[PDB]
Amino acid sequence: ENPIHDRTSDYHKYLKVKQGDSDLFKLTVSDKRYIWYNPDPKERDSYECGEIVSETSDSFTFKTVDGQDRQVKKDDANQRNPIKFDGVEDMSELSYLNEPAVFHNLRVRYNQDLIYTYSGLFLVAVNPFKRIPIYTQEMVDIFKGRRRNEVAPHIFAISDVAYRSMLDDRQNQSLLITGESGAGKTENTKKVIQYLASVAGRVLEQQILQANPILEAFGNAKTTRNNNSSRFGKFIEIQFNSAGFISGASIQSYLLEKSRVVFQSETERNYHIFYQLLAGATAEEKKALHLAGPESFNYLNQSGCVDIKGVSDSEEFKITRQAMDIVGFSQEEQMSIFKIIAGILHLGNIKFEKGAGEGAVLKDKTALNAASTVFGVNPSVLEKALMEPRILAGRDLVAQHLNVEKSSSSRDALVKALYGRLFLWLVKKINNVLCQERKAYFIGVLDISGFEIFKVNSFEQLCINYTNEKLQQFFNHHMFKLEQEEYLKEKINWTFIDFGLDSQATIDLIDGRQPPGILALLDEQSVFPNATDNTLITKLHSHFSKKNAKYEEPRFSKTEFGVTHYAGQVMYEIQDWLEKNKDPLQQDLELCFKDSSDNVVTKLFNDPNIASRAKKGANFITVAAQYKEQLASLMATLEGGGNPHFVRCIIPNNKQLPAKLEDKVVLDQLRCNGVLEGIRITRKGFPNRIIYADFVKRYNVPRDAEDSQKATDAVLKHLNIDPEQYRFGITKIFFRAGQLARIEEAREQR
């Protein structure tokens, strides 16, 4: 009748704790007390359960699994919770809050394939690495309209709360999904969009859903940490009208890792689309675009990996096209896109060799010709733009003759420019389909590239990790600093707590303007004509080595520097940072391609939104300077809207495998995310607070008395409730954890 109360239901099967049996009940009513302890003290995250057998005034004595006795100061003891709590849906409710206790609860739920658990006001999501049947339309219909208490933890539930808050307060909402690479941010992002598309839907809705398949084909790739890594960040606005139904959507993408098109580490892959087309193209297309297998192209055959376990690139290519068909990309538009993808691969097979002099020559023109043909440009113009670009020397026109290395770098620069502009064009084309009505409100979903560490971390990794560092500070800001400052404002005689979670020092080291940080010193070096990679790291060491605690000059290298992030220390290799920040492209290469006969290619080099570049003084804006501002604008939106809804995505292990929840990996993320601290603030504080005059409004009789703090003093007193669970502020009635949601449902039943 109602699937929630029906133990036969799929909702009870896949989203509720299984019923315990008679044997477990006898354990549950037992009076024995237990403790989480470390059998091996060096391994501080590995725990066993031990029974407390005696206690002194200041310590517990307990029995290990093997039978030996041990003591522990009660101040240092991690008590196990009464097992009745095992599986609790909100860990606010736990009696003992400690790392082994919190981890254990998630383990119990994970083992039953319950990946969602609440931690007070935010949702925790552990990556299952297997399909779970909790995202059907049936499950959507169940969560539709239900308040957070009534239903089990689900991404739908927090999406619904954000949707109801948008309309109850007439304010834009932010759903921010944190996590390191592979933790599940993109999967959950898509579930949020699925839910709101049906709950407030009315082909627009089909098209919204088809956008992300397109961008994942061109923006996602296999890394060592995730087989479907997002190599670009995205803020997605879901837009609604004043009535509350979907009006449209816009996507704001950030920092495509276009360097991946020309280089990939061992075991990795280029962007999916390359493998999709060559695998799934018709015989006409393969000849039209001079295609081959991935082993035939240098951009696809140097990593040693061309396929992903459990993925058919031939089938994904069918999926990719259908999404383009539904969104409205024409047949010749799509063919122009594939011509570009094809041309990039051919450009990469060009082999520059040494000529009679140091200047480079091109003895085989088979790749250049195939590229020129598909792009629709003059091969000899292109050839001369690659190896003989014209520059100005003062005002004089002088033709370079580049060597093999610099000819190869310019060709790479062209390839990364073509791919990044194609990606920006896809986003823009899509936004114009999905945005045809002035919004009334929106819910903005943030899905960034998550924290990652590799053997070699470069400029791209610092920008990625810096963004992850800023979102964590945003979480710290709202849960700890803003929460308490509202308490202080209302004079509830709360004395401040230091939760020891501040990412700001690391943030300032990266992006401070004065004292100038890494990104400022980078910019300075990028416009100085005698600068090199080694004058840059020398400058970074002098400013920060042994002067900033978040910075390390390593003793084992002369090209690496270490940044201590919330998620751990990262060591960055400085090679090529100047060129990556400047993002140069020979103008002769640009001139060649604006004469292209392909209408998509000509748009990528003539549309000023895609092709032109902002000047900050005498030079072009750098990549660092632009992105920093792009992100600052995004942060302004998030802080300007309603309070953010947080989903902390958690990776169970580093092997991308199901049913292996590892203790060290999980507790690392729980500590640096500030989960336990986020629980503590909810328990020790007053999360639910209400304006006096309208508490009576929603629930000597109650309503519109001259002053309601006098009234509610009476309402609560006459009523059956303790006065430690509320506090009288200047303008609000603060409530302790749970009181409001606990009580008013008796008002819902009365």
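Note that residue numbering begins at 1 and tracks the sequence as displayed.
Enquirer: Deposited residues absent from the coordinates between residue 202 and residue 203, none, 1 to 3, 4 to 9, or 10 or more?
Expert: Unmodelled stretch: 4 to 9 residues.
Enquirer: Relative to the deposited sequence, how many residues with no modelled coordinates occur between residue 692 and residue 693 (none, 1 to 3, 4 to 9, 10 or more)?
Expert: The entry leaves nothing out here.
Enquirer: Quick one: higher average CA temperature factor, 350-358 or 256-264?
Expert: Per the deposited B-factors, the answer is 350-358.
Enquirer: For the C-alpha atoms alone, is the average B factor greater in 160-168 or in 611-619, going by the entry?
Expert: So the stretch with the higher mean C-alpha B-factor is 611-619.
Enquirer: Between 585, 192, 281, 382, which carries the biggest CA temperature factor in the record?
Expert: Highest CA B-factor of the listed options: 281.
Enquirer: Whose CA atom has the top B-factor in the entry, of 34, 47, 60, 686?
Expert: Max CA B-factor in the entry, restricted to 34, 47, 60, 686: 686.
Enquirer: Mind checking which third residue 293 falls in for C-alpha B-factor across the chain?
Expert: Ranked within chain, residue 293 CA B lands in the middle tercile.
Enquirer: Is the Cα B-factor recorded for residue 501 in the lowest, middle or highest third of its chain?
Expert: Highest third, going by the recorded CA B-factors of the chain.
Enquirer: By the recorded C-alpha temperature factor, relative to the other modelled residues in its chain, which third is residue 178 in?
Expert: It falls in the bottom third of the chain.
Enquirer: For residue 407, return the chain-relative third of its C-alpha B-factor as stated in the PDB record: lowest, middle or highest.
Expert: Ranked within chain, residue 407 CA B lands in the middle tercile.
Enquirer: Could you look up the Cα B-factor of residue 658 in the entry and say which third of the chain it sits in: lowest, middle or highest?
Expert: For residue 658, the deposited C-alpha B-factor lands in the middle third.
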